[PDB]
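Protein chains in written order, with our numbering: chain E, 1 to 283; chain G, 284 to 407; chain H, 408 to 523; chain X, 524 to 647; chain S, 648 to 771.
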Amino acid sequence: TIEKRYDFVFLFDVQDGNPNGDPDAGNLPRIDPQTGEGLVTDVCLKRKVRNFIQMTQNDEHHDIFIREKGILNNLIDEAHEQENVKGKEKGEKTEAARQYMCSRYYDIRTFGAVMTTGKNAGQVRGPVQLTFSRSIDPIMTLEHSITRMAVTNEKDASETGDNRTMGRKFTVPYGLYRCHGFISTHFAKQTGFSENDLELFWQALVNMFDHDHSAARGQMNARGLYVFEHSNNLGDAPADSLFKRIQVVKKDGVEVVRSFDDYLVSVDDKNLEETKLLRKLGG
Amino acid sequence: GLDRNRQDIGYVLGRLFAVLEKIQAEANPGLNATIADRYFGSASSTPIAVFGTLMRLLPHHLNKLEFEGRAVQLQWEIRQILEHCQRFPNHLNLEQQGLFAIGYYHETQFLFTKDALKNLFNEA
Amino acid sequence: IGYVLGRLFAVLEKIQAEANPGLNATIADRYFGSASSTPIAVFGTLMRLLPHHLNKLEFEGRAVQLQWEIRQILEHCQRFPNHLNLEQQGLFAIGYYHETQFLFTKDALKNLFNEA
Amino acid sequence: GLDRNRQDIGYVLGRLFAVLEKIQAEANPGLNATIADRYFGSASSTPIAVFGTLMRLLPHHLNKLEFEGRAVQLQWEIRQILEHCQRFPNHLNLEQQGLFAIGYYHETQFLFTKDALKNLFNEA
Amino acid sequence: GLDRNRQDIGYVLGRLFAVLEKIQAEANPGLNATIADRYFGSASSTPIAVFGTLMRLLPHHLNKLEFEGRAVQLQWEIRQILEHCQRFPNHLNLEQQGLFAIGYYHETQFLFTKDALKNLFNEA
DNA sequence: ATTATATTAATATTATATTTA
RNA sequence: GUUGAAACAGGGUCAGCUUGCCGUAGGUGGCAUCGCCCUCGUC
């Protein structure tokens with residue numbers, strides 16, 4: 001079980017593609033309506049971490065939460081028929097099953113999952129809780145509409161000639177999604193989030209943009225990862241100014257940004273040397 | 284049951300989305316997933332992100348129609364709706380959020396009729 | 408302004424039930440707490456969830472009839488009010504029950520849709 | 524329903540695309556695929572790539588018209604629109620993305636009228 | 648709506664093409680195919696190939712005018728535009744490609760006016 | 001102390017010369 | 001002017017002392033703007 005507080009400043013961008021698409025809008029990434037900053041949900045990073053663990057582990061005591069062929073009720077029923085089948089008086093039986101699943105599953109240990117279906121077994125508050133990403137420069141939507149020379153269904157739209165089904169494949173030119181996230185210790189002591197699991201989660205967050213790739217998302221990479229390791233379980237300084245110390249703004253006289261040569265990640269670790277640490281894993 | 288002179292942004296936005304959905308439905312009867320099954324989820328909140336692709340896909344949807352006069356009438360009513368739409372806002376207020384769906388279903392009801400849209404188009 | 412809103416909530420719940428037969432946490436059990444009071448908050452998202460429920464329906468003609476009847480319902484409402492008064496919440500409940508029993512009748516919604 | 528003194532880049536860009544589409548439609552009534560069926564898909568995002576070919580094809584479209592005074596009026600309103608367009612931007616913002624289609628359909632409605640464009644041209 | 652101190656190559660190139668087209672139109676009202684109907688198709692991409700023949704035909708177009716002072720004013724504004732044009736480039740960038748048409752229509756609007764070009768020429 | 005469960009409608013807006021000492 | 005008259009709903013009372021909407025989850029498998037076109041006939 002970990003005992004320190006970690007305030008990591010995850011920074012990642014996108015070369016050309018659709019990163020975190022659709023708040024129910026067709027196929028466009030989440031962007032700020034009032035301004036234009038791109039937004040990326042934390043569930044995408046969580047799924048990338050899960051895929052990295054699935055491809056770089058394959059062992060027990062670290063379940064990866066299977067994909068489409070994985071009914072949650074079936075997994076809950078399978079985890080219930082272990083040490084606490086019935087002889088545990090429902091109440092503490094749910095807590096025992098939750099602890100067993102935390103010791104067996106890695107997704108519920110790092111983040112969490114819903115285990116309150118049919119056979120209830122409590123719920124996990126979750127130690128590591130990432131937030132929604134947000135860029136700084138107002139990104140623009142390219143919308144790269146592409147075609148296909150093969151129809152899908154046999155409906156009336158399939159003409160006698162070129163059976164075509166076009167559509168749109170949205171793309172993004174740039175946008176350093178300044179992600180945020182905090183890690184607690186009280187829930188980590190209950191879920192069993194040890195330091196080895198924390199190191200595995202850091203490695204996944206660092207090297208998830210090298211394997212989890214597709215045609216819609218294109219090419220994505222992680223810039224830097226500045227983890228703010230604390231000293232105790234108390235609160236020293238508000239995390240707002242702590243995350244504001246690593247500001248990311250524009251460089252010289254430029255309108256937009258295209259790569260890392262147009263951003264100036266101002267890192268001035270001066271006032272965060274009281275009772276906190278600093279490490280660089282991705283940058 | 285439709286107010287075309289309300290001068291409300293949500294009303295005209297909903298009417299525009301409704302006529303867009305009507306055009307997409309008329310383009311092909313065997314349509315599985317329309318725009319309302321994906322575009323409407325953020326049409327009343329982020330209209331500047333969905334209505335751009337909507338206006339981009341509108342001419343192709345009009346050309347897909349078997350009748351060219353139908354597309355002319357649909358564009359005419361689109362512009363008659365957007366007359367009161369001086370600008371596409373960033374985000375709609377709660378009252379405007381409701382007026383969006385209000386105008387949407389009002390325009391859908393006005394369009395799915397026997398003699399109404401053509402009658403209004405004849406007096407222009 | 409309240410009766411047609413109740414009919415709207417009723418047809419919304421009916422479409423959601425026709426979409427998912429074994430429903431546990433329906434849109435009712437999560438939205439009716441404020442639908443009876445604040446309409447612009449609940450219906451601002453129920454109208455978003457509705458087209459997905461209509462697309463989920465295996466019978467497209469049923470979704471067509473439900474869309475036509477919800478159009479006829481919302482036609483009487485010129486704008487979603489900010490808050491439903493004490494009598495407006497009663498009208499909401501009355502219209503909800505009326506529409507939810509008119510839709511669960513033998514051949515009522517189909518006969519109404521065929522007369523348009 | 525058209526603001527000609529909005530001083531917005533998206534407004535004038537949309538109005539320019541609208542008058543371009545109107546000119547292409549007036550060049551030949553039996554037109555199958557217009558510019559809106561291909562050029563509008565990236566007009567609000569990459570205007571510097573489509574509006575170049577648009578201005579290249581504009582004089583030929585004006586010469587294709589059977590009436591020479593109509594082309595003069597269309598060029599006059601084109602320039603009256605582009606007065607507020609000090610430069611063609613690289614990419615439009617979301618607000619400008621919506622204002623593009625706003626001005627497009629507003630100018631289309633203003634053009635498809637009985638006595639309006641000629642009335643505005645007479646006072647010049 | 649015209650910036651004469653923008654110091655942009657596309658702006659001055661478009662203004663030069665616009666005044667050239669204005670001179671050709673003033674040379675004869677009964678003109679069927681002007682330069683814009685042929686020269687503008689590659690004016691923003693290959694200016695060094697079209698503007699050479701343009702400057703070659705400019706003096707004959709000025710001599711074709713019935714008024715000699717009009718040609719003097721047109722040459723004066725041509726040179727006032729080309730002041731910021733230090734050289735004719737090989738190919739214009741996309742931003743410059745758009746600025747070409749921007750300056751073209753801006754100068755056309757500035758020229759087709761009552762009292763504007765002569766007023767600017769009087770203060771020289 | 002349930003019900004119910006199959007498709008509305010679709011044929012053309014507009015269209016005649018700014019300015020030139 | 002000798003025949004139903006008189007009539008309190010009261011003095012007056014905090015409806016609360018309060019309670020995390022959540023624990024949380026990839027718009028996806030991916031799809032060629034294409035198969036194509038003398039700037040000409042020529043003064």
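By construction, the Cβ of each residue, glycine as well, lies at the ideal position given by its N, Cα and C atoms.
Reference residue i; option with closest CA among the options
i, options, result
"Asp684/S", "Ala594/X, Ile625/X and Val535/X", "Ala594/X"
"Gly592/X", "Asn769/S, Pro676/S and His738/S", "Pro676/S"
"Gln743/S", "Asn710/S, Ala690/S and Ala665/S", "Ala690/S"
"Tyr628/X", "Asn315/G, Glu360/G, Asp291/G and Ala384/G", "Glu360/G"
"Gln290/G", "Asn373/G, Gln369/G, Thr396/G and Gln392/G", "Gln369/G"
"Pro694/S", "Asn679/S, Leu767/S and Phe735/S", "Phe735/S"
"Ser443/H", "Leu516/H, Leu453/H and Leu498/H", "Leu498/H"
"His374/G", "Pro33/E, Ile139/E and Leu130/E", "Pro33/E"
"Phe511/H", "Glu425/H, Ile408/H, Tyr410/H and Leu412/H", "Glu425/H"
"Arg47/E", "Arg5/E, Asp24/E, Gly112/E and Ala25/E", "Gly112/E"
"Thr391/G", "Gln472/H, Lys463/H and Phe450/H", "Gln472/H"
"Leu617/X", "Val302/G, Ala301/G, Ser328/G and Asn315/G", "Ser328/G"
"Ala624/X", "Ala407/G, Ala399/G, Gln358/G and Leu403/G", "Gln358/G"
"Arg67/E", "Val85/E, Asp59/E, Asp268/E and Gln54/E", "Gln54/E"
"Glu304/G", "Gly451/H, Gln474/H and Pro488/H", "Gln474/H"
"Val666/S", "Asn766/S, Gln720/S and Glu770/S", "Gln720/S"
"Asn586/X", "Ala771/S, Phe768/S and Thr681/S", "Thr681/S"
Same chain, Cβ closer than 6 Å to residue i, neighbours up to 5 away in sequence not counted
i, result
"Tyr534/X", "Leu622 and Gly626"
"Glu606/X", "none"
"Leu412/H", "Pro446 and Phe499"
Own chain partners of residue i with C-beta closer than 7 Å, once the 5 adjacent residues on each side are dropped
i, result
"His344/G", "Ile306, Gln307 and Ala310"
"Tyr686/S", "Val697 and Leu701"
"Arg168/E", "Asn27, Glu143 and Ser145"
"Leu264/E", "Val249 and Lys251"
"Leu242/E", "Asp7, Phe228 and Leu272"
"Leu588/X", "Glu549, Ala550 and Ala594"
"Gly192/E", "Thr1, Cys102, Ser103 and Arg109"
"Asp269/E", "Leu278"
"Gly284/G", "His389 and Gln392"
Residue i and residue j closer than 8 Å at C-beta
i, j, result
"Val254/E", "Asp262/E", "yes"
"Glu37/E", "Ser194/E", "no"
"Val14/E", "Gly175/E", "yes"
"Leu11/E", "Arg279/E", "no"
"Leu198/E", "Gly282/E", "no"
"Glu3/E", "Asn233/E", "yes"
"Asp156/E", "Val256/E", "no"
"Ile64/E", "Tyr106/E", "yes"
"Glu476/H", "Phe520/H", "yes"
"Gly564/X", "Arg362/G", "no"
"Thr445/H", "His490/H", "yes"
Whole-Å CB distance - residue i paired with residue j, under 8 Å assumed
i, j, result
"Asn51/E", "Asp212/E", "5 Å"
"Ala237/E", "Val49/E", "Contact flag wrong, Cβ pair sits at about 28 Å."
"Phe132/E", "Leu39/E", "6 Å"
"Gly409/H", "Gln496/H", "7 Å"
"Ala470/H", "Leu456/H", "The pair is not a contact, with the Cβ atoms about 14 Å apart (cut-off 8 Å)."
"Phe509/H", "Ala500/H", "Rounded, the Cβ-Cβ distance is 15 Å, inconsistent with contact."
"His180/E", "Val43/E", "Rounded, the Cβ-Cβ distance is 15 Å, inconsistent with contact."
"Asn18/E", "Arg30/E", "The Cβ separation is near 10 Å, so there is no contact."
"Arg5/E", "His230/E", "4 Å"
8 Å Cβ shell around residue i - same chain, five flanking residues per side excluded
i, result
"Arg414/H", "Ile480, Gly502, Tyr503, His505 and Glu506"
"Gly118/E", "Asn73, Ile76 and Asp77"
"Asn163/E", "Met149, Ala150 and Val151"
"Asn652/S", "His731"
Given 8 Å as the limit, is there contact between the segment 409-422 of chain H and the segment 431-438 of chain H, that is, 3 or more CB pairs closer than that? yes
Looking at C-beta atoms only, is the number of pairs between the segment 394-403 of chain G and the segment 659-667 of chain S that lie closer than 8 Å three or more? no
For the pair the segment 78-96 of chain E and the segment 213-222 of chain E, tell me if three or more CB-CB distances fall below 8 Å. no
So does the segment 98-110 of chain E actually touch the segment 123-140 of chain E, counting three or more Cβ pairs closer than 8 Å? yes
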